[PDB]
Amino acid sequence: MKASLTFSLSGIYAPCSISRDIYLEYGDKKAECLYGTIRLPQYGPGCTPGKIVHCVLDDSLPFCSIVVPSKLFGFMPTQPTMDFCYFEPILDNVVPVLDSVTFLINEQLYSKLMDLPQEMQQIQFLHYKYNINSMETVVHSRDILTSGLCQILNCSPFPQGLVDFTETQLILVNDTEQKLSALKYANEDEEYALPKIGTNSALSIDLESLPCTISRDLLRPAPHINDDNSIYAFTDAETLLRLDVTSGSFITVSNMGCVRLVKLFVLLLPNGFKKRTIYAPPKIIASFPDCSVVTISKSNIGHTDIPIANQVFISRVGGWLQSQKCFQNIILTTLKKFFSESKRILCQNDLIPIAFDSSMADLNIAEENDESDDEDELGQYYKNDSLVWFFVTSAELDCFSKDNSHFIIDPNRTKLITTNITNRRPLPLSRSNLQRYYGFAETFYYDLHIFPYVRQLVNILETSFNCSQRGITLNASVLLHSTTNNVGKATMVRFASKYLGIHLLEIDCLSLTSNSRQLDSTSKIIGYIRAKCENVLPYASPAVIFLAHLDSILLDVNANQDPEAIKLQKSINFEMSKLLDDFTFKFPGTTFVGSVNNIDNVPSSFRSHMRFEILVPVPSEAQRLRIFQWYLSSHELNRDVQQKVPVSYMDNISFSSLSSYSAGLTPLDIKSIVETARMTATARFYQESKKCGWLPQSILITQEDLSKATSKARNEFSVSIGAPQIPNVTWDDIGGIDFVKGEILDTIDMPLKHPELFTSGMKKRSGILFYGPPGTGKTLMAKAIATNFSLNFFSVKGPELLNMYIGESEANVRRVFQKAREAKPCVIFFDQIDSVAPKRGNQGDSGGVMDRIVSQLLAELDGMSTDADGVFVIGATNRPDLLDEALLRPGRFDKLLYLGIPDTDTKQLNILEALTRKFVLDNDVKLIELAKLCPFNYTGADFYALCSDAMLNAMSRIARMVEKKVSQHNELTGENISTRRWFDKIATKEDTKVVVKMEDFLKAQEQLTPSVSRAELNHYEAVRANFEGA
Amino acid sequence: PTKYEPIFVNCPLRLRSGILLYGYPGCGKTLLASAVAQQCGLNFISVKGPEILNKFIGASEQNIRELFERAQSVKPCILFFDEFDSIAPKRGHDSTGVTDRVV
Ligand SMILES: Nc1ncnc2c1ncn2[C@@H]1O[C@H](COP(=O)(O)OP(=O)(O)OP(=O)(O)O)[C@@H](O)[C@H]1O
Ligand SMILES: Nc1ncnc2c1ncn2[C@@H]1O[C@H](COP(=O)(O)OP(=O)(O)OP(=O)(O)O)[C@@H](O)[C@H]1O
Ligand SMILES: Nc1ncnc2c1ncn2[C@@H]1O[C@H](COP(=O)(O)OP(=O)(O)O)[C@@H](O)[C@H]1O
Ligand SMILES: [Mg+2]
Ligand SMILES: [Mg+2]
C-alpha cells in the first residue's frame, strides 16, 4: 500500500520501525518479529527489485510513515526524500534463509580477521561490528558493508534472505588489485563539497536528455495546474539550490539561436545520473542540436505572459510516416488532442513531438464526441510505438509585446491552421536517444570498434550527408548483401539513420509492391515507387531510399524462359535503373541503400551502377558477446512482460560460455534463446504454490536453463538445416585410448593459438586422414576430438548429394566451406564415399561433374588462408590409394594417420556387458565364454548384432511359450477366443519376463550373422595399411 | 511384432527394420511374400517392378517421398520391392543422376 518513507542513521543494520497502524495489523502474537518488503518508485521505464526489511513497533511515527537506514541505498539524508513508497508484509512467517554468502574485505581488516585464534572468535568479530544477528538479519546481493572498505559480493541461492552463522556458508576474499577503493557509497562526499556561487553570470551547464518518461507522481512540488508536462526539467540539487528558490515558475534555457523556456525541479535522492547537469525532454533538445547552453537564466516571469494566441500555424516536418497516406486521418485527429487536452506553452519556430501508433487506424474512436471528454482512458490501452514531429513555424501573437515569443495557448480560443510541408533534420542518436524515452521497440546500438560493416557504411554516409554537400557531392549508392539471411542489415540501415539523423524511406518490396500479377504492364510498380518517392523526397533531405529484398523486382535474365516475359524483365530492369539515375541527379542527398538476399541474382545491367557493396558476415563470438548483453539488458526483458514483477539475471551467467558453447551458427535471433530462457524461468516461477514453503520475489534466469534452451534451439534448427548433436553415452574423452591420440593432439594444436602460440604463417596447415578397415573407430574419434578440444563438428554429411543437372556443385561446395568459415572453430568430417571419385583422374564416369567437384575441393581444401580461420578437415577412407593423389598430395590431408589394431587387447567384452546391462543380464551371460567362443581377433562391429539377435532369440522363445499358452486356453475355455483378446485379458505384469540365458546367446551366435567382416579381409588390409603407412 | 505387441512394445533398444531375400529362381520366395502379404493381416504395398522412376526431372525422389508417406500414413505395412537391382544399382553411373539420386 501507499506509504510515506523517511531515512534514519541507526547503524548499518537495524530493525527500523513503522507506524503503529501498519505494525499492529500484522505484528501480532503469531510471530515474534515482523518482516516485510519495501519498494521505491525509482526512475526508469520499469522498476527495480524490492528489498526485505525488519521492523519493530514505534509510537512516535505519524499515520502510515516508515523509517529505513538512509545508507541502504547510500546517499545523504539532506537530499530530498520519498513522497511515498510501496510496502507489503510477509505473511505466514515465510522468510527464506540463504545457503551461502560471499564477502570482500580489505587487507588490514581481513588480516585482523584471520589472525583471530578460533572460528567462534572470527564469527563473533563478524557479528559485533556489523550488528548482524543470526536468523534475524536479512542481507542482499552486492551490499556494501562499509563505504570503500568491504562489501558482500553476492548471495546464493536467493537474492535476499536470512543468514545462519553455522548453516549459511560464508566465503571471504581480498584479492590484490583493490576493487574496494571504488566501492564506496553513493554519497561519495558531503553536500557542501561544491563551493557556493552567487547570482553572477549565466553559469550555464551542459545539456543531456533523460533516459525515460518522468512519472507525475514522484514530483516533489504540487502539480496543481493542468500543465501538460510541457516543459519540466530536472537537476541533481546543484546549480539551482544556489538560487533563491528551487521551484521557479519558468526558466529560459538559451537564446543562442532563438529563445526557449523550461521549468526546473530538483532530482530526488536515489537517482543515477551524470553529476551536475541539466536534463530535459526531447522537445527541448530539438531546438539545440549543437548542445549550446549559452544562457540558462531565471527571472520573476510571473504566472502568465501572453496568455492567448489566435490562428496558430502548424506545419508538416517531412519523413516517411508523416507523408504516408494511411495515417493522415488519425494523426491530424491526435494533433487536436495534443493541442487541446491540457494547457501548454509554445515557442515560435518550435517542434512538438506527438505519438501515433501501431496501425491503430481505421479504428474510429466513436461516431460522436460532443457529449463527453474521455480521451485519457484510451491511453491505458494505447502503448505508443512511433513518433512524428510537427513544426509550428511561427507565433501568431495579435497584441503588442516585447517580442513574439514564449506565449501561452488557450484551448478555448487558440484555434489552429495547418500549412504546407517543411523540412528539418532530426536529432542524432549520440545527441539524444529518442526511442528509449517513449518505450519504442528500440533498434540495436552498435559499438563501432567491434562491427566492421556498420562503421564502414556509417562513415561513407556521414562523409556524404553534410560533410561534403557544402561543396559538390558524388551521388551515394551502396548495396548490402549477405550469404545468409536475417543478418540484420535492416538493423544496420536503421541504426545508421538513428546515428546520423538521416530520414529513412524504407520501401520493402514484398509488402509495398503488388507485382507477380505478370500482367502485360510493369507501369504499376514504376508509378507506385516513383509517386511515393516524389511525395516525400522534396523537403525531406538528406534521405535514404532503402529498397528491401530488392531481388524480387530486379532479377537475372533467364533467357531460356519464353519470349514476351523476358521483355517485361528488360523493361523493369532498365526502367528501375532509370529511376536510380533520375533520383541521384534530380535531388540533392539521395543515397539509395539497397539490400539483397544473394548478390549474384542482381543483373549485370544494374550491378555495375552501385559502388562499394558491403558483405555482412555473420557475427563472431566477439559480436555475440555484445548482442547477448543487449538482449539480456536491464529493461529489454521488462519492456512488455507486464507481469507483477520485473525480470533479470543479476548474476552467475558467463557470456563467454554462452558465446562459445554453441552460439556459433546462431547468427541472429538470439531473441529466440533469451525468450525461451524467459519462458522457462517464468514457468518455474508461476508454478510455485502460494505456501510452497518459500516465495520467489522476482523472475531469475539461470545458466543451466539457458544451456538447455540453446540445445533445444539447435535441435529445432536441425530440421531447417542439418546439424550434428552429441547423442553419445559412456564413450567420450578417452585421452589414453591409443597411441594415435598424441599425433591427433600434436597436429590439431599448431594452427590454434591457445595450444600453440605460433601463427602458422609460412608453416603448412594440414588435415588428418584415418585409413584402415571399416567398423573400428572412424566416427567416434571425430566426435570425441571435436567436442573435447575443438568446438564445432559441422560435418559434410551430404557429399553424396553431388549435383543437380545444373552445374551448381561448385557453388554448393563453396557454400559448404562458407558455412565452415561461419562458426570459425569448426572441423569438417568427410564421409569419403563417392564425391572423392577419381581413382586415376581420367577414367571414372567420364571425369564429369565429379571431376569438377574434386578439382574445386582440392583447390580450396587449404589455400593457407589464415590460422584464425580455424577450418580443419578430417576424413576416413578405406584406402589412400583409392585416390589419384589429387587431394592426397602433401600439404593437404598430409600426416596420414593409422586407425590401429584392436586384436592385441580388444577391450570390448566390457562394453558388451555394459550395453546389455540395460537389458536383463543376470542369467550367466556375464561370463567370458560368450565372447571367448570366438577367436580373440573377433570383429568389434559384430557384437551390436550378437546382442540384438540374442534378445530376438529370447523374444522368440517366450513367444513360442505364449503360443503354447493360447492354444491350451483355446482347448480349455473355447477355440473361438482371439489371440489378441486372450493376451489382453490375461495380461500380467510378468509379461515382461522375456527369459534370457547363456544358451539363448550361444544359439543366436551359432545360428546366423557370423560377422560383418571377419574371415581374411580385415586381417590383410590391416597389415598392408600399417606397413604402407611408414 | 504385431501379433505379440506387448512382448514387442517394451525394450526399443535394438531391432532390425527390414529383411532381404535372395536365392535361385523358383525357390518360392515370391510365394513366401504372397503368403506373408495375406495371412499375416498386416497391410502390404506391392511396388512390383521398377515403376518408381518417372519421365520428368527428378520425379523419382518425389515418388519415393509419396510412397513412404503412404506407407507411414497407412497403418503398419510392408514395402515390397522385387527385382531390387532394377531400382538400386551400384553407385557408379555414366548416365544422368536421375538413376542414382533415387538410391
Ligand atoms: N545486431 C542485432 N541486435 C539485435 N537484434 C538484431 C540484430 N540484428 C538483427 N536483429 C533482429 O533482427 C531484426 C533485423 O533483421 P530483419 O529480420 O528485420 O531483416 P533483414 O536483416 O533485412 O533480414 P532478411 O533479409 O532475412 O529479411 C531486428 O528487428 C531484430 O529483431
Ligand atoms: N513352398 C514352395 N516351394 C516350391 N515351389 C513352390 C512353393 N510354393 C509355391 N511353389 C510353386 O513354385 C513357384 C516357386 O517359384 P516362383 O515362381 O515363386 O519364384 P520367384 O521368387 O518369383 O522367382 P524369380 O523372381 O527368381 O523368377 C511358385 O510360383 C509356385 O508355382
Ligand atoms: N577404438 C575405438 N575407438 C572409437 N570407437 C570405438 C573403438 N572401438 C569400438 N568403438 C565403438 O564402435 C564403433 C567403431 O566403429 P565406427 O567408428 O562406428 O566405424 P563405422 O562407422 O565404419 O562403423 C564406434 O562408433 C564406437 O561406438
Ligand atoms: Mg530483411
Ligand atoms: Mg520372382
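Respectively, the protein sequence lines represent chains A and B.
At position 55 of the first sequence the residue is numbered 55 (UniProt numbering), and the sequence of numbers has no breaks.
At position 84 of the second sequence the residue is numbered 799 (UniProt numbering), and the sequence of numbers has no breaks.
Don't be surprised by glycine CBs; every beta carbon is placed ideally from N, CA and C.
Residue closest to residue i, alpha-carbon to alpha-carbon, out of the options
i, options, result
"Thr-81(A)", "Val-294(A), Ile-66(A), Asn-93(A)", "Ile-66(A)"
"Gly-722(A)", "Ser-760(A), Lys-797(A), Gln-623(A), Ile-214(A)", "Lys-797(A)"
"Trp-694(A)", "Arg-840(A), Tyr-23(A), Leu-91(A), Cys-16(A)", "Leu-91(A)"
"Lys-895(A)", "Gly-767(A), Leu-857(A), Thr-419(A)", "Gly-767(A)"
"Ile-502(A)", "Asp-520(A), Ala-540(A), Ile-301(A)", "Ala-540(A)"
"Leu-267(A)", "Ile-314(A), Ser-297(A), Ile-214(A), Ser-292(A)", "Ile-214(A)"
"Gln-697(A)", "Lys-29(A), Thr-6(A), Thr-37(A), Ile-18(A)", "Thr-37(A)"
"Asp-749(A)", "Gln-151(A), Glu-367(A), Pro-774(A), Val-827(A)", "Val-827(A)"
"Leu-579(A)", "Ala-559(A), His-609(A), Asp-881(A), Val-994(A)", "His-609(A)"
"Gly-870(A)", "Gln-832(A), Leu-912(A), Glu-822(A)", "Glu-822(A)"
"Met-1(A)", "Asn-404(A), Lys-932(A), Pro-89(A)", "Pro-89(A)"
"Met-864(A)", "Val-816(A), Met-762(A), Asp-640(A)", "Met-762(A)"
"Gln-818(A)", "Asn-803(A), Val-849(A), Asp-851(A), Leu-857(A)", "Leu-857(A)"
"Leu-504(A)", "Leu-537(A), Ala-441(A), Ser-482(A), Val-645(A)", "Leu-537(A)"
"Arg-39(A)", "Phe-84(A), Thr-787(A), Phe-451(A)", "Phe-84(A)"
"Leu-554(A)", "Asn-515(A), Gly-777(A), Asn-229(A), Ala-531(A)", "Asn-515(A)"
Residue-level contact to chain A via CB, residue i, 8 Å cutoff
i, result
"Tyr-719(B)", "yes"
"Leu-746(B)", "no"
"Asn-769(B)", "no"
"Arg-731(B)", "yes"
"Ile-722(B)", "yes"
"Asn-725(B)", "yes"
"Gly-812(B)", "yes"
"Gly-807(B)", "yes"
Proximity test, residue i beta-carbon vs ligand 6 heavy atom, cut-off 7 Å
i, result
"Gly-741(B)", "Because ligand 6 does not appear in the structure shown, any question about it cannot be addressed here, the ligands present being ligand 1, ligand 2, ligand 3, ligand 4 and ligand 5."
Start-to-end residues for the alpha helix (DSSP H) that takes in residue i
i, result
"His-635(A)", "That residue, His-635(A), is in no alpha helix (DSSP H); it is neither H nor E in DSSP."
"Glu-929(A)", "929–932"
"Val-493(A)", "489–500"
"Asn-758(B)", "Looking at the DSSP string, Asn-758(B) is not in any alpha helix (DSSP H); the run it does join, the beta strand (DSSP E), is 758–762."
Within chain D, the residues that residue i reaches when beta carbons sit closer than 8 Å
i, result
"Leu-728(B)", "Among the protein chains of the structure shown, namely A and B, there is no chain D."
Neighbour flag for residue i against chain B, beta carbons, 8 Å
i, result
"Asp-834(A)", "yes"
"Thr-979(A)", "yes"
"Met-955(A)", "yes"
"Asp-845(A)", "yes"
"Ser-948(A)", "yes"
Residue i, enclosing beta strand (DSSP E) - first and last residue
i, result
"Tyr-232(A)", "232–235"
"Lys-51(A)", "51–55"
"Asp-21(A)", "Taken as a continuous stretch (DSSP letters only), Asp-21(A) belongs to no beta strand (DSSP E), being part of the alpha helix (DSSP H) at 20–26."
"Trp-389(A)", "387–391"
Proximity below 8 Å, CB of residue i to CB of residue j
i, j, result
"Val-836(A)", "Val-854(A)", "yes"
"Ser-672(A)", "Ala-713(A)", "yes"
"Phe-583(A)", "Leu-269(A)", "no"
"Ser-386(A)", "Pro-282(A)", "no"
"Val-392(A)", "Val-312(A)", "yes"
"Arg-276(A)", "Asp-236(A)", "yes"
Interface residues of the stretch 959–991 of chain A facing chain B [CB-CB below 9 Å] | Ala-959, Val-962, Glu-963, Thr-979, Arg-980, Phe-983, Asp-984, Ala-987, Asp-991
Residues in the stretch 799–822 of chain A with C-beta within 9 Å of chain B's C-beta atoms, listed in sequence order?
-> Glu-800, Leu-801, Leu-802, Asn-803, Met-804, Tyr-805
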